[PDB]
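Enquirer: What follows is the file run_20.cif, containing mmCIF, C-alpha atoms:
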data_protein
#
loop_
_atom_site.label_atom_id
_atom_site.label_comp_id
_atom_site.auth_asym_id
_atom_site.auth_seq_id
_atom_site.Cartn_x
_atom_site.Cartn_y
_atom_site.Cartn_z
CA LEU A 12 180.59 70.11 100.13
CA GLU A 13 177.30 70.86 98.09
CA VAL A 14 177.68 68.79 94.77
CA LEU A 15 178.19 70.84 91.57
CA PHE A 16 175.98 70.79 88.45
CA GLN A 17 172.96 69.11 90.03
CA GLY A 18 170.69 72.04 90.87
CA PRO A 19 167.41 72.73 89.08
CA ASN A 20 167.50 73.59 85.42
CA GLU A 21 165.78 76.37 83.51
CA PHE A 22 162.61 74.30 83.00
CA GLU A 23 161.84 74.62 86.75
CA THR A 24 161.34 78.38 86.46
CA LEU A 25 157.98 79.04 84.81
CA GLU A 26 156.08 82.02 83.63
CA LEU A 27 153.63 82.95 86.40
CA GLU A 28 150.62 82.18 84.20
CA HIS A 29 151.96 78.66 83.51
CA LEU A 30 152.65 78.17 87.24
CA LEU A 31 149.01 79.22 87.89
CA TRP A 32 147.84 76.44 85.56
CA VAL A 33 150.01 73.94 87.44
CA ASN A 34 148.60 75.25 90.78
CA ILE A 35 144.97 74.98 89.52
CA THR A 36 145.54 71.41 88.22
CA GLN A 37 147.27 70.28 91.46
CA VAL A 38 144.56 71.70 93.74
CA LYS A 39 141.78 70.18 91.53
CA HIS A 40 143.50 66.75 91.64
CA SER A 41 144.33 66.82 95.41
CA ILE A 42 140.85 67.95 96.49
CA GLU A 43 139.07 65.51 94.10
CA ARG A 44 141.11 62.54 95.29
CA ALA A 45 140.24 63.17 98.94
CA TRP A 46 136.55 64.05 98.25
CA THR A 47 135.98 61.00 96.05
CA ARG A 48 137.22 58.65 98.78
CA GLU A 49 134.79 60.25 101.32
CA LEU A 50 131.83 59.92 98.94
CA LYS A 51 132.66 56.36 97.81
CA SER A 52 129.85 54.73 99.88
CA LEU A 53 127.39 56.70 97.66
CA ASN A 54 129.30 55.69 94.46
CA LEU A 55 129.55 59.32 93.29
CA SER A 56 132.27 60.87 91.21
CA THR A 57 132.53 64.65 91.25
CA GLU A 58 130.94 64.78 87.79
CA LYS A 59 127.97 62.52 88.79
CA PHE A 60 127.48 64.74 91.88
CA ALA A 61 127.65 67.88 89.67
CA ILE A 62 124.92 66.44 87.34
CA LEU A 63 122.68 65.45 90.33
CA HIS A 64 123.16 68.93 91.71
CA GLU A 65 122.35 70.71 88.40
CA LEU A 66 119.22 68.55 88.00
CA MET A 67 118.14 69.48 91.64
CA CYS A 68 118.49 73.17 90.66
CA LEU A 69 116.23 72.37 87.65
CA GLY A 70 113.55 70.80 89.94
CA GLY A 71 114.63 67.22 89.31
CA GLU A 72 113.60 67.12 85.70
CA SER A 73 114.99 68.62 82.49
CA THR A 74 116.22 67.78 79.01
CA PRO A 75 119.75 66.89 77.85
CA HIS A 76 120.11 70.26 76.00
CA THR A 77 119.05 72.33 78.99
CA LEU A 78 121.30 70.38 81.36
CA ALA A 79 124.23 70.81 78.94
CA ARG A 80 123.69 74.60 78.71
CA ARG A 81 123.78 74.92 82.51
CA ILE A 82 126.96 72.87 83.20
CA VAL A 83 130.57 73.47 82.04
CA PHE A 84 131.24 69.96 80.75
CA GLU A 85 131.19 68.91 77.08
CA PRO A 86 127.89 67.54 75.80
CA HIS A 87 129.32 64.14 74.93
CA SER A 88 130.66 63.92 78.47
CA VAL A 89 127.36 64.91 80.05
CA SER A 90 125.54 62.29 77.84
CA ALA A 91 127.97 59.55 78.85
CA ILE A 92 127.57 60.35 82.58
CA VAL A 93 123.78 60.58 82.27
CA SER A 94 123.72 57.18 80.55
CA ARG A 95 125.76 55.64 83.43
CA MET A 96 123.47 57.32 85.96
CA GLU A 97 120.48 55.85 84.08
CA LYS A 98 121.99 52.28 84.38
CA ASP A 99 122.37 52.94 88.08
CA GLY A 100 118.77 53.91 88.58
CA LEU A 101 119.58 57.59 89.34
CA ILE A 102 118.04 59.06 86.11
CA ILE A 103 114.87 57.99 84.35
CA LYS A 104 114.72 58.83 80.61
CA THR A 105 111.34 59.09 78.93
CA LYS A 106 110.33 60.03 75.43
CA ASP A 107 108.66 63.38 75.22
CA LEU A 108 104.93 62.70 74.30
CA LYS A 110 108.33 66.07 70.28
CA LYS A 111 109.52 62.93 68.42
CA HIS A 112 113.13 62.18 69.34
CA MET A 113 113.27 64.50 72.48
CA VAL A 114 114.08 62.85 75.73
CA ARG A 115 113.16 64.08 79.19
CA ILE A 116 115.49 63.25 82.08
CA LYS A 117 114.24 63.00 85.63
CA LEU A 118 115.91 62.16 88.92
CA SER A 119 114.57 59.08 90.65
CA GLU A 120 113.56 59.32 94.27
CA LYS A 121 116.69 57.13 95.04
CA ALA A 122 118.84 59.83 93.35
CA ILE A 123 117.20 62.63 95.34
CA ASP A 124 117.72 60.72 98.61
CA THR A 125 121.36 60.01 97.54
CA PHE A 126 121.79 63.75 96.85
CA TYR A 127 120.36 64.57 100.38
CA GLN A 128 123.14 62.43 101.88
CA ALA A 129 125.87 63.50 99.47
CA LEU A 130 125.33 67.24 99.80
CA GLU A 131 125.63 67.11 103.61
CA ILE A 132 128.89 65.04 103.48
CA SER A 133 130.29 67.11 100.61
CA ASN A 134 129.73 70.42 102.44
CA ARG A 135 131.60 69.03 105.49
CA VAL A 136 134.46 67.76 103.22
CA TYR A 137 135.00 71.08 101.40
CA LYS A 138 134.73 73.04 104.65
CA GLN A 139 137.42 70.94 106.37
CA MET A 140 139.67 70.98 103.24
CA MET A 141 139.60 74.76 102.96
CA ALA A 142 139.84 75.57 106.70
CA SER A 143 143.49 76.71 106.35
CA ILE A 144 142.49 79.80 104.19
CA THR A 145 140.62 82.70 105.71
CA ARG A 146 137.16 84.00 104.78
CA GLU A 147 138.87 86.95 103.05
CA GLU A 148 141.23 84.71 101.09
CA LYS A 149 138.22 82.49 100.04
CA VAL A 150 136.18 85.50 98.87
CA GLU A 151 139.18 86.88 96.86
CA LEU A 152 139.92 83.38 95.39
CA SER A 153 136.32 83.11 94.14
CA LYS A 154 136.49 86.65 92.67
CA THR A 155 139.77 86.01 90.84
CA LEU A 156 138.69 82.54 89.58
CA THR A 157 135.40 84.04 88.36
CA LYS A 158 137.32 86.73 86.37
CA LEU A 159 139.43 83.95 84.78
CA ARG A 160 136.33 81.88 83.99
CA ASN A 161 134.53 84.84 82.46
CA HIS A 162 137.50 85.75 80.25
CA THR A 163 138.34 82.19 79.12
CA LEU A 164 134.94 80.46 78.74
CA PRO A 165 134.00 82.58 75.59
CA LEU A 166 137.26 81.64 73.86
CA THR A 167 135.64 78.29 73.04
CA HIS A 168 131.97 78.45 74.26
CA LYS A 169 130.13 80.91 72.01
CA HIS A 170 126.66 81.33 73.52
CA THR A 171 126.50 77.55 74.13
CA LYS A 172 126.53 77.90 77.95
CA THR A 173 124.38 79.82 80.44
CA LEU A 174 126.09 78.44 83.50
CA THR A 175 123.99 78.16 86.70
CA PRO A 176 124.46 81.47 88.59
CA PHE A 177 125.40 79.94 91.95
CA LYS A 178 125.47 82.27 94.90
CA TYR A 179 126.97 82.06 98.45
CA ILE A 180 126.14 84.19 101.65
CA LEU B 12 104.37 91.07 85.54
CA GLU B 13 107.42 88.91 86.80
CA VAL B 14 106.08 85.22 86.91
CA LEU B 15 105.66 83.70 90.40
CA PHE B 16 107.33 80.52 91.72
CA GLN B 17 110.01 80.25 89.05
CA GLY B 18 113.04 81.82 90.72
CA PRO B 19 116.11 79.85 91.80
CA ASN B 20 115.73 77.25 94.49
CA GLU B 21 117.80 76.59 97.59
CA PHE B 22 120.25 74.35 95.69
CA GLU B 23 121.59 77.44 93.84
CA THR B 24 122.98 78.92 97.05
CA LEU B 25 126.13 77.03 98.02
CA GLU B 26 128.53 77.05 100.87
CA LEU B 27 131.50 79.20 99.81
CA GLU B 28 133.88 76.23 99.93
CA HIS B 29 131.62 74.25 97.56
CA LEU B 30 131.35 77.30 95.25
CA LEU B 31 135.19 77.44 95.27
CA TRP B 32 135.29 73.83 94.03
CA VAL B 33 132.85 74.71 91.24
CA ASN B 34 134.99 77.78 90.36
CA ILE B 35 138.23 75.68 90.29
CA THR B 36 136.60 72.99 88.10
CA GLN B 37 135.11 75.55 85.66
CA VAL B 38 138.38 77.48 85.24
CA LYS B 39 140.35 74.19 84.77
CA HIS B 40 137.86 73.01 82.10
CA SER B 41 137.61 76.40 80.25
CA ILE B 42 141.38 76.98 80.12
CA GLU B 43 142.14 73.34 79.13
CA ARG B 44 139.60 73.38 76.30
CA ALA B 45 141.11 76.51 74.75
CA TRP B 46 144.76 75.44 75.33
CA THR B 47 144.24 71.96 73.89
CA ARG B 48 142.84 73.39 70.65
CA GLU B 49 145.93 75.68 70.28
CA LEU B 50 148.34 72.79 70.87
CA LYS B 51 146.49 70.30 68.62
CA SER B 52 149.06 70.51 65.77
CA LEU B 53 151.60 69.01 68.25
CA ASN B 54 149.07 66.33 69.38
CA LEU B 55 149.58 67.22 73.07
CA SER B 56 147.07 66.93 75.86
CA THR B 57 147.79 68.90 79.02
CA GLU B 58 148.85 65.68 80.76
CA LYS B 59 151.27 64.65 77.93
CA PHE B 60 152.74 68.20 78.05
CA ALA B 61 153.05 67.95 81.87
CA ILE B 62 154.98 64.61 81.54
CA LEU B 63 157.29 66.05 78.80
CA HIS B 64 157.90 69.04 81.03
CA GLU B 65 158.65 66.96 84.17
CA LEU B 66 161.06 64.78 82.15
CA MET B 67 162.83 67.99 80.82
CA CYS B 68 163.29 69.08 84.47
CA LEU B 69 164.83 65.61 85.09
CA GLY B 70 167.32 66.07 82.19
CA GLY B 71 165.30 64.05 79.69
CA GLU B 72 165.76 60.74 81.40
CA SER B 73 164.35 59.15 84.56
CA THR B 74 162.47 56.15 85.91
CA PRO B 75 158.71 55.64 86.27
CA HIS B 76 158.95 55.85 90.12
CA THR B 77 160.91 59.09 90.10
CA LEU B 78 158.59 60.67 87.52
CA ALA B 79 155.56 59.60 89.59
CA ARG B 80 156.99 61.15 92.78
CA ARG B 81 157.52 64.49 91.03
CA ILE B 82 154.05 64.85 89.40
CA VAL B 83 150.59 65.09 91.02
CA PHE B 84 148.88 62.45 88.89
CA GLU B 85 148.15 58.87 89.98
CA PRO B 86 150.79 56.29 89.06
CA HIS B 87 148.44 54.25 86.90
CA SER B 88 147.60 57.43 85.01
CA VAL B 89 151.23 58.40 84.51
CA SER B 90 152.00 54.81 83.26
CA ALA B 91 149.13 54.91 80.78
CA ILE B 92 150.24 58.31 79.40
CA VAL B 93 153.88 57.22 79.22
CA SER B 94 152.84 54.09 77.30
CA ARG B 95 150.90 56.24 74.77
CA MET B 96 153.88 58.60 74.48
CA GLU B 97 156.10 55.56 73.84
CA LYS B 98 153.80 54.42 70.93
CA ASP B 99 154.12 57.92 69.55
CA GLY B 100 157.88 57.92 69.58
CA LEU B 101 158.15 60.56 72.35
CA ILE B 102 159.53 58.21 75.09
CA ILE B 103 162.06 55.43 74.70
CA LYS B 104 161.89 52.69 77.38
CA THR B 105 164.96 50.57 78.03
CA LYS B 106 165.67 47.86 80.55
CA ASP B 107 168.08 48.93 83.21
CA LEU B 108 171.35 46.89 82.61
CA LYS B 110 168.38 46.06 88.06
CA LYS B 111 166.19 43.25 86.60
CA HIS B 112 162.68 44.56 85.98
CA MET B 113 163.56 48.35 86.26
CA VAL B 114 162.82 50.45 83.26
CA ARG B 115 164.50 53.70 82.30
CA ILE B 116 162.46 56.29 80.39
CA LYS B 117 164.10 58.81 78.09
CA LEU B 118 162.74 61.55 75.87
CA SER B 119 163.50 61.14 72.19
CA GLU B 120 165.03 64.01 70.31
CA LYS B 121 161.60 64.36 68.51
CA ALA B 122 159.98 64.82 71.96
CA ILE B 123 162.54 67.46 73.00
CA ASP B 124 162.02 69.37 69.73
CA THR B 125 158.20 69.04 70.22
CA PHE B 126 158.63 70.42 73.76
CA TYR B 127 160.70 73.40 72.35
CA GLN B 128 157.71 74.29 70.16
CA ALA B 129 155.03 73.50 72.72
CA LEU B 130 156.53 75.48 75.59
CA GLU B 131 156.75 78.67 73.48
CA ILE B 132 153.08 78.36 72.28
CA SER B 133 151.86 77.34 75.74
CA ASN B 134 153.49 80.36 77.43
CA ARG B 135 151.77 82.69 74.90
CA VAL B 136 148.39 80.88 75.46
CA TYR B 137 148.45 81.15 79.28
CA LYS B 138 149.66 84.75 79.13
CA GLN B 139 146.80 85.82 76.84
CA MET B 140 144.22 83.80 78.87
CA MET B 141 145.20 85.41 82.15
CA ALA B 142 145.69 88.99 80.85
CA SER B 143 142.43 90.18 82.50
CA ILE B 144 143.87 89.66 86.09
CA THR B 145 146.60 91.89 87.43
CA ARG B 146 150.11 90.88 88.52
CA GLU B 147 148.97 91.32 92.15
CA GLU B 148 145.88 89.18 91.67
CA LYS B 149 148.05 86.46 89.96
CA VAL B 150 150.60 86.46 92.80
CA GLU B 151 147.79 86.21 95.45
CA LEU B 152 145.99 83.45 93.44
CA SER B 153 149.19 81.37 93.37
CA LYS B 154 149.72 81.93 97.13
CA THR B 155 146.16 80.92 98.04
CA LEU B 156 146.15 77.89 95.68
CA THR B 157 149.50 76.79 97.12
CA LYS B 158 148.07 76.94 100.68
CA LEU B 159 145.13 74.77 99.52
CA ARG B 160 147.46 72.31 97.79
CA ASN B 161 149.71 72.05 100.83
CA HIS B 162 146.79 71.41 103.18
CA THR B 163 144.93 68.92 100.94
CA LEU B 164 147.70 66.89 99.22
CA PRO B 165 148.69 65.08 102.54
CA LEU B 166 145.09 64.00 103.14
CA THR B 167 145.69 61.25 100.57
CA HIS B 168 149.41 61.42 99.54
CA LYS B 169 151.47 60.31 102.53
CA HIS B 170 155.11 60.89 101.59
CA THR B 171 154.41 59.50 98.09
CA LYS B 172 155.00 62.86 96.34
CA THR B 173 157.89 65.34 96.31
CA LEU B 174 156.34 67.64 93.75
CA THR B 175 158.72 69.63 91.51
CA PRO B 176 159.36 72.96 93.32
CA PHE B 177 158.56 75.23 90.38
CA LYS B 178 159.48 78.86 90.75
CA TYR B 179 158.50 82.09 88.87
CA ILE B 180 160.27 85.59 88.82
#
Render the structure in this file as structure tokens.

Expert:
Amino acid sequence: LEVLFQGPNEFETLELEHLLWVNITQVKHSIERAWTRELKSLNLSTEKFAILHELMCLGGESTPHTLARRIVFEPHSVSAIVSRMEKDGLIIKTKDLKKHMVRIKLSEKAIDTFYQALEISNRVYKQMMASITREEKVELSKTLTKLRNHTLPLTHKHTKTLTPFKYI
Amino acid sequence: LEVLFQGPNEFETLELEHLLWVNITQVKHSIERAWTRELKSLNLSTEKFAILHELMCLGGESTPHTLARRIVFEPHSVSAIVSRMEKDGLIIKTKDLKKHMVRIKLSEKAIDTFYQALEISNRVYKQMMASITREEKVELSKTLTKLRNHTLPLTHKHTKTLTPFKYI
């Protein structure tokens, strides 16, 4: 009755650490796809939202090198997103009055867009994560933080001072 | 002595579910940056490795629609990566002998590249995750799986039957 020789092969049994990478990538993709669709009326990707948010923590104005130090993304990636945000009227770039340094500032449109986006985004993440308990959330953040702290210095050698976000 | 009015602002305190998204994105980025550098002599991104791995679970040969059902990525993304892998001699596309259906098969070069990549990749993930205990790993996979199972159906409605990877 069950067919022979068609069950899973050895490549479907993983080391646990490889399965954890697959789990992390699948949760990142599934949450981002759903969040991005909810935020589409504001035209925000997760990375544009992350840059608006970092610049709000910096008081709406900073420099490319300070923004890059605070955020996990590669500098070329942060510059590309900032340039797109500038075309969209979210960031204003001005020459420092230091030759060649640029200051980046959020426009009032960007700050009002962030007001709206933060409120929707908090509702989205809350409803997405409602099926795990407070205890499971607190443990997940602790374990992910241990992984971040052990793995970030394998390639980021004093280049990042990531924003020390808190929760209550 | 401490300066006034320069401490963090309200945007540095997040809802826990938003902080969990930041934690997931930071761990994904930090692990991928380190892994990609170790695998660079095989010219494999994490997504090319994931497609080679899914096709090994399928016995080295499948169709674009079956591959897409098994993997989390968007179909356009899977097609773009498969097309790049075809240019690189990793995938062979042949017309089905069904008009317009394509069969995709790993080349023997791709299977030998996967032999090498899987062994390096298992060592990389093991050393990256050595700072969390077996118990913390098992709980992390359980909690991430609950998040995946609750969030994937918000946008994938019977479109995916993700490979049921196991560990021991």

Enquirer: Spell out the residues picked by the PyMOL selection byres ((chain A) within 8 of (chain B)) here, as a PyMOL selection string.

Expert: chain A and resi 19-32+34-42+44-45+64+67-68+83-84+133-134+137-138+140-141+143-144+148-150+152-153+155-160+162-164+166-167+175-180

Enquirer: Show which residues sit within 8 Å of residue 60 (chain B), as number ranges by chain. Count all atoms listed in the file, and ignore same-chain residues fewer than 4 positions away.

Expert: B: 55-56, 64, 126, 129

Enquirer: After superposing chain A onto chain B (least squares, all C-alpha atoms, pairing by order), export the transformed chain as a short mmCIF file (atom, residue, chain, number, x, y, z; two decimals) with C-alpha atoms, in the frame of the given file.

Expert:
data_model
loop_
_atom_site.label_atom_id
_atom_site.label_comp_id
_atom_site.auth_asym_id
_atom_site.auth_seq_id
_atom_site.Cartn_x
_atom_site.Cartn_y
_atom_site.Cartn_z
CA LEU A 12 104.37 91.07 85.54
CA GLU A 13 107.43 88.91 86.80
CA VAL A 14 106.08 85.22 86.91
CA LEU A 15 105.66 83.70 90.40
CA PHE A 16 107.32 80.52 91.72
CA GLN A 17 110.01 80.25 89.05
CA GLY A 18 113.04 81.82 90.72
CA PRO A 19 116.11 79.85 91.80
CA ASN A 20 115.72 77.25 94.49
CA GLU A 21 117.80 76.60 97.59
CA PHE A 22 120.25 74.36 95.69
CA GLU A 23 121.59 77.44 93.84
CA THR A 24 122.97 78.93 97.06
CA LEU A 25 126.13 77.04 98.02
CA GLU A 26 128.53 77.05 100.87
CA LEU A 27 131.50 79.20 99.81
CA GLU A 28 133.88 76.23 99.93
CA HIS A 29 131.61 74.25 97.56
CA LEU A 30 131.35 77.29 95.25
CA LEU A 31 135.19 77.44 95.26
CA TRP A 32 135.29 73.83 94.03
CA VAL A 33 132.85 74.71 91.25
CA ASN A 34 134.99 77.78 90.35
CA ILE A 35 138.22 75.68 90.29
CA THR A 36 136.60 72.98 88.10
CA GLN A 37 135.11 75.56 85.66
CA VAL A 38 138.38 77.48 85.24
CA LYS A 39 140.35 74.19 84.77
CA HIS A 40 137.86 73.02 82.10
CA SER A 41 137.61 76.40 80.25
CA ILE A 42 141.38 76.98 80.13
CA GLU A 43 142.14 73.34 79.13
CA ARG A 44 139.60 73.38 76.30
CA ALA A 45 141.11 76.51 74.75
CA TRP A 46 144.76 75.44 75.33
CA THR A 47 144.23 71.96 73.89
CA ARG A 48 142.84 73.38 70.65
CA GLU A 49 145.92 75.68 70.28
CA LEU A 50 148.34 72.79 70.86
CA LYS A 51 146.49 70.30 68.62
CA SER A 52 149.07 70.51 65.76
CA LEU A 53 151.61 69.02 68.25
CA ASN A 54 149.07 66.34 69.39
CA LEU A 55 149.58 67.22 73.07
CA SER A 56 147.08 66.93 75.86
CA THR A 57 147.78 68.90 79.02
CA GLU A 58 148.85 65.68 80.76
CA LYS A 59 151.27 64.65 77.93
CA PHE A 60 152.73 68.20 78.05
CA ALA A 61 153.05 67.95 81.87
CA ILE A 62 154.97 64.61 81.54
CA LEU A 63 157.29 66.05 78.80
CA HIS A 64 157.90 69.04 81.02
CA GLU A 65 158.66 66.96 84.17
CA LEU A 66 161.06 64.77 82.14
CA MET A 67 162.83 67.99 80.82
CA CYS A 68 163.29 69.08 84.46
CA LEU A 69 164.83 65.61 85.09
CA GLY A 70 167.32 66.07 82.18
CA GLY A 71 165.30 64.05 79.69
CA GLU A 72 165.76 60.74 81.40
CA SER A 73 164.35 59.16 84.56
CA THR A 74 162.48 56.15 85.90
CA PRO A 75 158.71 55.64 86.28
CA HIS A 76 158.95 55.85 90.12
CA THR A 77 160.91 59.09 90.10
CA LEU A 78 158.59 60.67 87.52
CA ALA A 79 155.56 59.60 89.58
CA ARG A 80 156.99 61.15 92.79
CA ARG A 81 157.52 64.49 91.03
CA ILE A 82 154.06 64.85 89.40
CA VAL A 83 150.59 65.09 91.03
CA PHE A 84 148.88 62.45 88.89
CA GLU A 85 148.15 58.87 89.97
CA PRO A 86 150.79 56.30 89.06
CA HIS A 87 148.44 54.25 86.89
CA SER A 88 147.60 57.43 85.00
CA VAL A 89 151.23 58.40 84.52
CA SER A 90 152.01 54.81 83.26
CA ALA A 91 149.13 54.91 80.78
CA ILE A 92 150.24 58.31 79.39
CA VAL A 93 153.88 57.21 79.22
CA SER A 94 152.84 54.09 77.30
CA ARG A 95 150.91 56.24 74.76
CA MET A 96 153.88 58.60 74.48
CA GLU A 97 156.11 55.56 73.85
CA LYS A 98 153.81 54.42 70.93
CA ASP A 99 154.13 57.92 69.55
CA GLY A 100 157.89 57.91 69.58
CA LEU A 101 158.14 60.57 72.35
CA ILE A 102 159.54 58.22 75.09
CA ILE A 103 162.06 55.43 74.70
CA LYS A 104 161.89 52.69 77.38
CA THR A 105 164.95 50.57 78.03
CA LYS A 106 165.67 47.87 80.54
CA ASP A 107 168.08 48.93 83.21
CA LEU A 108 171.35 46.89 82.61
CA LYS A 110 168.38 46.06 88.05
CA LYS A 111 166.19 43.26 86.60
CA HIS A 112 162.67 44.56 85.99
CA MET A 113 163.56 48.36 86.26
CA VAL A 114 162.83 50.45 83.26
CA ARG A 115 164.50 53.71 82.30
CA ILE A 116 162.47 56.29 80.38
CA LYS A 117 164.10 58.81 78.10
CA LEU A 118 162.75 61.55 75.87
CA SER A 119 163.50 61.13 72.19
CA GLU A 120 165.03 64.01 70.31
CA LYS A 121 161.59 64.36 68.51
CA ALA A 122 159.98 64.83 71.96
CA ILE A 123 162.53 67.45 73.00
CA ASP A 124 162.01 69.36 69.73
CA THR A 125 158.20 69.04 70.22
CA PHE A 126 158.63 70.42 73.77
CA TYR A 127 160.70 73.40 72.36
CA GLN A 128 157.71 74.29 70.16
CA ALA A 129 155.02 73.50 72.72
CA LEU A 130 156.53 75.48 75.59
CA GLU A 131 156.74 78.67 73.48
CA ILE A 132 153.08 78.36 72.28
CA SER A 133 151.86 77.34 75.74
CA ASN A 134 153.48 80.36 77.43
CA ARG A 135 151.77 82.68 74.90
CA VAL A 136 148.39 80.88 75.47
CA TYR A 137 148.46 81.14 79.28
CA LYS A 138 149.66 84.75 79.13
CA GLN A 139 146.80 85.82 76.84
CA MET A 140 144.22 83.80 78.87
CA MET A 141 145.20 85.42 82.15
CA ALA A 142 145.69 88.99 80.86
CA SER A 143 142.44 90.18 82.50
CA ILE A 144 143.87 89.65 86.09
CA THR A 145 146.60 91.88 87.43
CA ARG A 146 150.11 90.88 88.53
CA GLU A 147 148.97 91.32 92.15
CA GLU A 148 145.87 89.18 91.67
CA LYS A 149 148.05 86.45 89.96
CA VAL A 150 150.60 86.45 92.81
CA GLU A 151 147.79 86.21 95.45
CA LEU A 152 146.00 83.45 93.43
CA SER A 153 149.20 81.37 93.37
CA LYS A 154 149.72 81.94 97.13
CA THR A 155 146.16 80.92 98.04
CA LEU A 156 146.15 77.89 95.67
CA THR A 157 149.51 76.79 97.11
CA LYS A 158 148.06 76.94 100.69
CA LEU A 159 145.12 74.77 99.52
CA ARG A 160 147.46 72.31 97.79
CA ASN A 161 149.71 72.05 100.82
CA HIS A 162 146.79 71.41 103.18
CA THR A 163 144.93 68.92 100.94
CA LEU A 164 147.70 66.89 99.23
CA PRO A 165 148.69 65.08 102.55
CA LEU A 166 145.09 64.00 103.15
CA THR A 167 145.68 61.25 100.57
CA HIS A 168 149.41 61.43 99.54
CA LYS A 169 151.47 60.30 102.53
CA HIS A 170 155.11 60.90 101.59
CA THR A 171 154.40 59.50 98.09
CA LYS A 172 155.00 62.86 96.34
CA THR A 173 157.89 65.34 96.30
CA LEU A 174 156.33 67.63 93.75
CA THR A 175 158.72 69.63 91.51
CA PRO A 176 159.37 72.96 93.32
CA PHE A 177 158.55 75.24 90.38
CA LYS A 178 159.49 78.86 90.74
CA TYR A 179 158.49 82.09 88.88
CA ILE A 180 160.27 85.60 88.82
#

Enquirer: Just checking: using only C-alpha atoms, which residue out of A:128, A:113, A:88, A:62 ends up closest to residue 49 (chain A)?

Expert: A:128

Enquirer: In Å to one decimal, how far is CA of residue 115 (chain B) from CA of residue 59 (chain B)?

Expert: 17.7 Å

Enquirer: Can you tell me how far CA of residue 114 (chain B) sits from CA of residue 98 (chain B), in Å to one decimal?

Expert: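 Here the two named atoms are 15.8 Å from each other.
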
Enquirer: In Å to one decimal, how far is CA of residue 118 (chain B) from CA of residue 93 (chain B)?

Expert: 10.4 Å

Enquirer: Please write as a compact mmCIF listing (two decimals) with C-alpha atoms, in the coordinates of the input the full residue list that the PyMOL selection byres ((chain A and resi 173) around 6) yields on this file.

Expert:
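And here's result.txt as it stands now:
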# COMPACT_ATOMS: atom_id res chain seq x y z
CA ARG A 80 123.69 74.60 78.71
CA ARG A 81 123.78 74.92 82.51
CA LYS A 172 126.53 77.90 77.95
CA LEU A 174 126.09 78.44 83.50

Enquirer: Here's the selection I'm unsure about, the PyMOL selection byres ((chain B and resi 101-106) around 7); applied to the file above, which residues does it give, as a list in words?

Expert: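 Output of the PyMOL selection byres ((chain B and resi 101-106) around 7): residues 96, 97, 99, 100, 107, 108, 113, 114, 115, 116, 117, 118, 119, 121 and 122 of chain B.
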
Enquirer: Please give the centre and size of the box around region 135-144 of chain B (axis-aligned, containing every atom listed in the file, 4 Å added per side), with values in Å to one decimal and written as AutoDock Vina command-line options.

Expert:
--center_x 147.1 --center_y 85.5 --center_z 80.5 --size_x 17.3 --size_y 17.3 --size_z 19.2
